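Here the structure is laid out as structure tokens; the discussion comes afterwards.
There are 8 protein chains.
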Amino acid sequence: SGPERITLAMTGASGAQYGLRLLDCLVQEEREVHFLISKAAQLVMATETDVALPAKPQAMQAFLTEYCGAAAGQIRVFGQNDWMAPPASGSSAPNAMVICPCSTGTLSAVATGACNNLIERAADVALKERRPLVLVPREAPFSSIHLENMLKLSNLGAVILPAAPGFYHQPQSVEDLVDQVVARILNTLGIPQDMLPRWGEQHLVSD
Amino acid sequence: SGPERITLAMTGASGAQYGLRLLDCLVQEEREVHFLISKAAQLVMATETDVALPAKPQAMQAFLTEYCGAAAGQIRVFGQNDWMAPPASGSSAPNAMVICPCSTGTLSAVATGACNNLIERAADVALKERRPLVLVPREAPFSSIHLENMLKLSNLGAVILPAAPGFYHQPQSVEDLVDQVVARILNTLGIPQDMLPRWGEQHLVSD
Amino acid sequence: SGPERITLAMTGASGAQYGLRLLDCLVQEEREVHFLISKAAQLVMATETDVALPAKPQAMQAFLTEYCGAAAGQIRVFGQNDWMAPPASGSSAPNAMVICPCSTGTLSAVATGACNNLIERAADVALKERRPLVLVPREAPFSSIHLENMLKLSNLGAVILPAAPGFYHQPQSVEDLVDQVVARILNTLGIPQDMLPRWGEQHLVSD
Amino acid sequence: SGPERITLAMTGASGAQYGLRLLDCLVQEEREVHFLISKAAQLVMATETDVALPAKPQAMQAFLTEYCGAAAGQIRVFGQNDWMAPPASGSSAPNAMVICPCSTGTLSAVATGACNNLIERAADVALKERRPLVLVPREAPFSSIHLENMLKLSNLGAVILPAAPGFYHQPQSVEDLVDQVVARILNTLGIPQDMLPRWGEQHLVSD
Amino acid sequence: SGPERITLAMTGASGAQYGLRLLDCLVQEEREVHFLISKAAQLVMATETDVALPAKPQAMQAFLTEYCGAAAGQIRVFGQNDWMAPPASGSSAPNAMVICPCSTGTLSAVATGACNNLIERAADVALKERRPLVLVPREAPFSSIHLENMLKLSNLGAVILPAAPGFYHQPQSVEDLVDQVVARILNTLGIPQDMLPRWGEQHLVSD
Amino acid sequence: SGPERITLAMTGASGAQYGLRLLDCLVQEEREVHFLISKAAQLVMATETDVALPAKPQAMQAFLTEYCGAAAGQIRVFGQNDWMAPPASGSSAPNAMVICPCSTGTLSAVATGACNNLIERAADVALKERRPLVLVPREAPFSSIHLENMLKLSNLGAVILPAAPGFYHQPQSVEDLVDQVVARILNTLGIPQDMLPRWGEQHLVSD
Amino acid sequence: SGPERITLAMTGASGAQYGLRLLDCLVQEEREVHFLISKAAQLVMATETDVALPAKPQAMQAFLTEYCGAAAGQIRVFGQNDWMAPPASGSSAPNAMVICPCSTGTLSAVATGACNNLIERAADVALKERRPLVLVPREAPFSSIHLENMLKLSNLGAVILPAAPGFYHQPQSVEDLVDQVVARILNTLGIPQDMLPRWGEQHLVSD
Amino acid sequence: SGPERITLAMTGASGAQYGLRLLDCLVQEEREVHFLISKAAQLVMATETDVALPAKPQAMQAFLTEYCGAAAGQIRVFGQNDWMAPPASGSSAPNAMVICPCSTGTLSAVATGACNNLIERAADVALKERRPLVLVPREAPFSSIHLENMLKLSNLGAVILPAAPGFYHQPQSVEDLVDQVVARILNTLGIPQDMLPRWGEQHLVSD
Ligand SMILES: CC(C)=CCN1c2cc(C)c(C)cc2N(C[C@H](O)[C@H](O)[C@H](O)COP(=O)(O)O)c2[nH]c(=O)[nH]c(=O)c21
Ligand SMILES: CC(C)=CCN1c2cc(C)c(C)cc2N(C[C@H](O)[C@H](O)[C@H](O)COP(=O)(O)O)c2[nH]c(=O)[nH]c(=O)c21
Ligand SMILES: CC(C)=CCN1c2cc(C)c(C)cc2N(C[C@H](O)[C@H](O)[C@H](O)COP(=O)(O)O)c2[nH]c(=O)[nH]c(=O)c21
Ligand SMILES: CC(C)=CCN1c2cc(C)c(C)cc2N(C[C@H](O)[C@H](O)[C@H](O)COP(=O)(O)O)c2[nH]c(=O)[nH]c(=O)c21
Ligand SMILES: CC(C)=CCN1c2cc(C)c(C)cc2N(C[C@H](O)[C@H](O)[C@H](O)COP(=O)(O)O)c2[nH]c(=O)[nH]c(=O)c21
Ligand SMILES: CC(C)=CCN1c2cc(C)c(C)cc2N(C[C@H](O)[C@H](O)[C@H](O)COP(=O)(O)O)c2[nH]c(=O)[nH]c(=O)c21
Ligand SMILES: CC(C)=CCN1c2cc(C)c(C)cc2N(C[C@H](O)[C@H](O)[C@H](O)COP(=O)(O)O)c2[nH]c(=O)[nH]c(=O)c21
Ligand SMILES: CC(C)=CCN1c2cc(C)c(C)cc2N(C[C@H](O)[C@H](O)[C@H](O)COP(=O)(O)O)c2[nH]c(=O)[nH]c(=O)c21
Ligand code: NA
Ligand code: NA
Ligand code: NA
Ligand code: NA
Ligand code: NA
Ligand code: NA
Ligand code: NA
Ligand code: NA
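Chains V, D, X, Z, B, L, U and C supply the protein sequences, listed in that same order.
Under UniProt numbering, the first residue of the first sequence is numbered 2, with each subsequent residue one higher.
Under UniProt numbering, the first residue of the second sequence is numbered 2, with each subsequent residue one higher.
Under UniProt numbering, the first residue of the third sequence is numbered 2, with each subsequent residue one higher.
Under UniProt numbering, the first residue of the fourth sequence is numbered 2, with each subsequent residue one higher.
Under UniProt numbering, the first residue of the fifth sequence is numbered 2, with each subsequent residue one higher.
Under UniProt numbering, the first residue of the sixth sequence is numbered 2, with each subsequent residue one higher.
Under UniProt numbering, the first residue of the seventh sequence is numbered 2, with each subsequent residue one higher.
Under UniProt numbering, the first residue of the eighth sequence is numbered 2, with each subsequent residue one higher.
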């Protein structure tokens, strides 16, 4: 259940841990992942984590496959101008797409149709083909520029899913908070997850 | 520096820890706090924390004063229909106002001018007097209804500051994440804080 | 086929018979129903029908289970402030939601995001999770305020399904008219119904 | 009291019984009726009723006069391209106009100013002369296209009165439901009716 | 996979070959087709092709069945005012709908809700029932009137799929170009096709 | 007749054959062409054609001059950041400008004023000087993002001329289809062409 | 009085003399300046002035410090992708920001939220933190694209201060004109200047 | 080439030198000029220049004819309420119109259609007849009120040409700057000028 193939793009907002945890969960659910990452996101990851991600796609693909315990060819990695990759055309096989984290600059690019690199074109294709598109911005405050871009995209059917974890299961660790956002993304995609219980599911009637 | 008096309202989004930490920081900066809390927020706090907050304003005021180490009368607590309280009129002395957490229902009330209780009227007054108003929503996804309400209010000069902590100082605890959002709120108000360093302040020139 | 679980909310427009007939059909299709009812809707039902609906959720649940011939736990009843019930969070298991009848006040609440009670929050969650939301208003005239609220919600993907039965199968009773609207709701949800034939299904070619 | 002359147009939505009952009530209130009917409405009437309405205006006029017990010349019937009829020019004597039923296609024509036949031109004239215009759509769901057209026209002063009968007088027959809508139309026009009591008129003070 | 039943309407833009090729592919995928054609489209077909399409629905149905090699009753043909045909009511069994070619006049009719014939009403029903609607305009330049109509409909969930074939598989014939557009339509509907490969499907990693 | 100088920019939509055929026709009409091409368009041309276009402007200029049979200096080629070229300033001599093919990313850049390279700045100058600007997008579906960008630009006086060839002269080859679009572009510019007859020019009166 | 720290960005509009004169005045008022310059602005400066500005940030910093007579570390220079610099995060110490000259491309980037380099991100941060942002465009004509971008940003609280010097103090040199614009910028920031007298300050009453 | 007759209006923004230089260039190109000047512009000219312009139209006409070396009747001067002058009616012979300088008050009048004097009516006529209208505002900052007025007028086809001279030919005098704006106005009108070279005209290919 849910999509067999997910385009996962990481862009340069803070929150690299969310994208890595989501990649890991997707691999554990036996999904094929087309993995894309922006130059600024590579710097975020080097800044915020101890993951030493190689820069070139083939080396990055090898690295992420070992990091996640993925099967061979389960993770594809495509470079930022590789227009021969599936996500660049709506004639590709259907994927769901998630941008996590989603920088304000990528939010803006997708909202205006800029298509300046493969991540932006891929989201542009997702919208024109009416395939799932989930954006996970991380910023604060949100300015009116951010909010108008999110509103436009939500009105066009994108899911605006900010990295704003809930506290209602009493988190005990940073990892608990990361998992709550990742679980919400998986819920949105329709992919099984067991990190976030189904609210009130045992609640039969009011007190 | 910054406002001497802050109206701090807690409403029923998840994230009770943010409001309590902000209250604590405000008290430690010797600010007067006019504290307001919705019925649903009281349930969130009971659900997500071990804080046993008394229900009536006078008992709540005593409790919070001990919880924070506040001076006598530094924290005022007002009930949800107490139109005699300062926040209800623009002829009151100037306060900054923060709604943290800010539920989607309170976001909506403030965006449409509903003024159904003291928290909503207080924000309505803040906007009409052009006094600071900081809203800290916690929700995911944000629907187009949420986003249009945030956009309207941001366009009118409110600060939309979602509970979306950054990871770029490598948080080690839930408390580190809570402090990053609280530090941003204090920055927005112009109140000193030492939990979040000033980005790049020692960076003199590019490599 | 169609959703296993339906949140059915009744609010205070005239047309209590539509909600009761829909509840009955849903139970006969072996669906789980999370049943919600507003204080004004309780008065409509007492005014327009001979159904003596108990006021408290547990007694109401017992009553409706016998009224419909439902299996045990097939109908859940939740009170108007019970934020622990599944419909209040998008992390709940997926439901479709129907508000039938839908008062103009509830139409307005859902259109602005007011979330003042469980019915309003539940619809707010349905919209943010992109789950089905069917509103059945009953009013006449529709003012521009009603129409702008319906238009906003329809543009966001809600189904505006007014209680305006068709006459093209020559109804013979009030019950025939009620069934035509209920059949349309079930069609919209994708749930089998045999009260309303499929138009023109035997029509092979034009005369 | 109310208008002496009513242009009553029937167009091809389901609900032929509403137009016929309204015509009958208007005749019983000694009003002059300029009766117009679309080709699709003629098919609806043949489908949904046992009224065998002749096709040509003069024969239709004779038929409706006997059907209603009208006085001679009280009902005028005009064909769909008869630009010499009063409703086609604002220099005609003042009429109120009702389109009942109002198809979605006629709703659209009137909203955009299409004026493709006498019914559409007549409504266009009603709007430009600021004479009463009451539209009785019957459709479900209402799409955003329907809703934007109704909203535009309501904003211009038309009355959008959907065929959505209320149940709050406990209807016992289809005829009771038809009369509730017809009574609302007559109320809107300011014409006496005794089918629908005046709500709460004997209610002096609250319990 | 994909819809069992497709309403295929041809209207009077140039590109008759696209509609005929799509009809053929749909028949080869064992789909039921409800075929509709406008008077102007009949003239386009006579102008641009050597297909001698009979004018009356029954003869047209016989002709198209032989032209495509369809099974008996697989292709239904309905006339332009046949309101008894399934596409005219949302209570019909669910179809996807394609207008190919889509003239600018039909684009306009569907955008404003004109419902002047069965093709227009059928698309109006598709939108109100939230069933698939794919419009294939062929015009150049697109004026702002065309573009505002397409934008409105795309915002309401219609797919605007212009007859603008791609060249990236190096077409060798007019037929290759026609197949690229038809393949895109089938992709949009979710119907198998083998004329257009899935872009980059064998591309594992960037060079 | 028509402009003496045309800025022809090729960007990375499919349809490289259209730009090359247009360049050829312009040269055969003795027009001066300022030729610009994006990095992605160079990849399209290598993918979709057997034209081996050199990468550097001077070599590209030599190549295109031989390819077209142009006179010396009739084709100028400018690099993507060459702000000293005429198209970059409105104080240049007047040109008409055509972007053919026009990618969705360039459509977006021109619609928002991005001016990130010489093609984008050149179109920005064309709009501010009210000089002709013809955009030839090739995409399908057009999303609402594409359509809003085209609509904005058409409202500002740009010509949106999609690569959507007509079939009403019964094309026999891919080349016939390419020529129909190129002929429309030349018509739009006011430049003589003999590939597309003038519709109905010998038609004196209706049958 | 006025801000202690100013982010001064130069982008590629004509008017390099304005940015250099402003930098000089800021240094003479003992302000800290975080200096940013785009690649196109470097070409403008080389074209329009005899200032030989080194390309790398450290050499540029040394050069500008001598050019202005600045104290050590008073001018910081940051490269176009240096996300570790203060202006890139709202958690930095508060600055006012001026883009002078402001190209139409940078105007567009800031209006849409593109954040493609440090100048664009810095302005995006200024807007989200509600810190001063002054844009000094230099273009003529202003197209509707330019004007809509300026209007959006002015509505969000940016100051649109075009390089349009006044003549009402009878300028005698180009330098007089440059100083009038620079004086207006300093006035806007609240920084003392003595180049532009205060209009009418000695005017006590009308003649 | 270009218009034979120009309506040149001067209104009370700073920049009187621009209008006088433009008048002079127009006279040297043997154009007929219908010269209009507002009361506030007369005060600007007295303030900013040593031109002693007589107040009454006939004396002003004599003066300007000698100032420019104009032929007899080449410059017509019309008073501010002279509705018998050509510019007041669209039935006059075609002129291009320039308002230089254009005060913010005149910008506003023309944007709203105020027509309070001959300059405002003349621009209103230019817009309704679709004749050239060039506005040369001089103000800084531009407020959102200024920007919305300029945007409206630019969208209606007026040219918004702010007095914002470029520096890219290294001006040496105030006069050089004035000539750059005047040259742009003449370019916009299509009138020969030799003060501003054609950018890049000798640039054949990129380096
Ligand atoms: C401490 C800073 C600079 C703030 C947190 N953060 C962030 C952290 C780090 C450590 C780096 C380096 C960069 C950021 N940014 C800025 C962002 O990368 C820029 O807008 C950039 O152009 C994005 O481009 P892409 O869309 O990825 O192609 C960024 N952008 C954003 O939208 N949200 C963020 O949290 C942050
Ligand atoms: C697990 C649930 C139900 C989700 C997380 N969450 C939350 C947790 C708990 C534990 C409770 C009880 C309630 C919420 N809600 C719902 C919210 O309180 C309602 O909209 C309510 O009417 C708000 O009214 P006020 O504006 O405070 O007057 C709420 N609202 C919101 O905007 N964000 C939230 O995170 C949550
Ligand atoms: C004869 C009357 C008062 C009209 C028919 N009708 C109705 C019947 C009865 C018998 C009662 C008592 C109330 C109504 N109302 C009014 C409605 O309940 C109010 O707006 C109310 O606040 C709704 O709140 P909720 O959204 O349910 O929380 C209501 N509202 C509405 O939208 N449509 C209706 O038909 C009617
Ligand atoms: C079972 C069907 C097809 C649905 C109910 N219904 C209806 C019943 C019958 C039995 C017929 C024949 C037709 C309808 N229609 C379609 C409607 O007539 C078309 O839009 C038509 O062009 C209208 O043109 P006019 O505006 O009258 O000129 C129609 N239109 C509408 O707006 N509401 C309706 O209820 C229905
Ligand atoms: C060479 C002409 C006239 C242009 C190409 N073309 C076309 C070819 C032929 C050969 C015919 C006869 C007609 C067209 N038209 C005009 C179109 O049919 C009219 O708008 C007409 O009212 C459409 O009504 P419908 O929506 O079908 O009911 C039309 N309309 C359109 O939108 N795109 C087209 O390509 C063309
Ligand atoms: C099979 C693909 C990927 C689809 C057809 N096609 C295309 C073919 C080929 C073979 C390549 C390589 C690229 C495309 N693209 C994508 C496009 O180049 C990107 O948006 C790109 O950033 C454009 O940048 P520029 O505006 O030129 O600077 C593109 N873009 C577009 O708008 N229309 C197209 O047809 C296609
Ligand atoms: C004579 C020309 C080309 C006109 C005056 N001028 C200018 C002069 C020179 C000498 C150069 C080289 C460039 C310009 N430009 C074009 C501008 O740099 C481009 O839009 C460019 O992408 C800007 O990118 P950035 O925003 O700086 O990153 C530019 N842009 C602008 O907005 N205003 C200007 O005056 C001019
Ligand atoms: C130093 C001042 C007052 C600023 C520069 N300047 C100017 C200089 C002088 C010396 C005078 C006297 C007046 C101005 N004004 C104000 C302007 O004339 C008023 O809005 C006035 O009503 C205009 O009416 P009109 O449209 O001409 O009928 C004006 N208006 C404007 O739009 N731009 C300007 O530069 C200036
Ligand atoms: Na681009
Ligand atoms: Na209230
Ligand atoms: Na509330
Ligand atoms: Na007509
Ligand atoms: Na019609
Ligand atoms: Na740029
Ligand atoms: Na970017
Ligand atoms: Na006046």
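Cβ coordinates follow ideal geometry from the N, Cα and C atoms, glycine included.
May I ask you to check if the CB of residue i is nearer than 7 Å to at least one heavy atom of ligand 9?
i, result
"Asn188/U", "no"
"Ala110/L", "yes"
Using three-state DSSP, classify residue i as helix, strand or coil.
i, result
"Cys26/U", "helix"
"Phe143/V", "strand"
"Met196/B", "coil"
"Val45/B", "helix"
"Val175/L", "helix"
"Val52/L", "coil"
What are the residues that DSSP puts in a beta bridge with residue i?
i, result
"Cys103/L", "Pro138/L"
"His35/X", "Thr8/X, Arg77/X"
Ligand 15 and residue i: does any heavy atom of the ligand fall closer than 7 Å to the residue's C-beta?
i, result
"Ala115/U", "yes"
Output needed for residue i: all residues of its chain with C-beta closer than 6 Å, excluding positions within five of it in sequence on either side, in chain order.
i, result
"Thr8/V", "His35, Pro88, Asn96, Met98, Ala123"
"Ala17/D", "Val45, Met46, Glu49, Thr50"
"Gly167/D", "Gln181"
Under the criterion of a Cβ to heavy atom distance below 7 Å, does residue i qualify as lining ligand 7?
i, result
"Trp84/Z", "no"
"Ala127/L", "no"
Is any non-hydrogen atom of ligand 4 found closer than 7 Å to the C-beta of residue i, if you look at the structure I gave you?
i, result
"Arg122/B", "yes"
Beta-carbon of residue i versus every beta-carbon of chain F: anything under 8 Å?
i, result
"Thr189/C", "Note that chain F does not occur in the displayed structure, where the protein chains are V, D, X, Z, B, L, U and C."
Which residues neighbour ligand 8 when neighbourhood means a C-beta less than 6 Å away from any of its non-hydrogen atoms? List them by chain order.
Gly167/U, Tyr169/U, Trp200/U, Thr12/C, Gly13/C, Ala14/C, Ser15/C, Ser39/C, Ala41/C, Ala42/C, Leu44/C, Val45/C, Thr48/C, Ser104/C, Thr105/C, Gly106/C, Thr107/C, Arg139/C, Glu140/C
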